[PDB]
Structures are given as C-alpha cells and as structure tokens.
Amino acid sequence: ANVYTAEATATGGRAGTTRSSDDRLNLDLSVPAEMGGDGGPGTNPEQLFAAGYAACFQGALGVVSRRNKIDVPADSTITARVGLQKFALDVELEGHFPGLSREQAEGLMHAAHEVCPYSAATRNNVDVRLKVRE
C-alpha cells in the first residue's frame, strides 16, 4: 500500500499542460529551443525530473538526519542536472553543505542516495553521479 499517492494529467501539442489533481502543480509545457521547439515559457519532462530529484534528495537528507541524529545545515542545497541523450536520462546531483567538511558532505550524499526513491527507481538504468560543492 502507498503511504501517499500523487496524480497528474498532461495534454499534448504545443499548447500542452501538466497539472496535478490538487492543482499544486498547474504548468504549461514547451519544447526547448535547443531541441527544435518553440522555446516558450513552459517546462519539460527533464526539467521536472531535475526539480523532483533535487527535492527528493532534500527529503532524503531529512530522513538521514532524523535516523542518524546528525545535523544538516539549514541552507544546504542540492542541484540536479539532467541531460537527455538520443532516449535516456543522465543525472548529476551536487550538494552544498555550508560548514561541513568535504568528507562529511560526501557521506551525506551517499546516505541520501540509498534512501531517496528516485535513486531506487532509476538504479542501474541511469548513471547518477554524486558531487559535493565547496
């Protein structure tokens, strides 16, 4: 059984949208210029994946923090870079943890990666590279 279930519906075309069932997400879709699209103000699947993965890792840092009773600086960030290759996805996650050593930060990244469900979901199919930022 699911502890929580989210739902979203997308339409097609150049006037496409993707929209959650609670309206928390209510977004337009545009194909990026770089891919031959109109490059409009709408988002796209890779950018949504990047925002979600970054968010998922932040969630996972909280889990790790509570389980191991370790303090994660409040201004820590995770940046996900997601490349589309011709189709497969490529991912780099880079965390910045103000005041921690490179060794502590790297331990946090590896621990988060074992918890985060996006990491579990994409295991062995997507090269996910973990980086720490000075």
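When you see a residue number, it is the position in the sequence shown, counting from 1.
Deposited sequence between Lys86 and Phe87: 4 to 9 residues lack coordinates.
In this crystal structure, the stretch out of 8-16 and 111-119 whose C-alpha atoms carry the higher mean B factor is 8-16. Higher mean CA temperature factor, per the PDB entry, when comparing 30-38 with 89-97: 30-38. Taking only the listed residues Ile70, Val82, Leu61, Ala55, the entry reports the highest CA temperature factor at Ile70.
Among all modelled residues in this chain, the alpha-carbon of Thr77 has a temperature factor (C-alpha) in the middle third.
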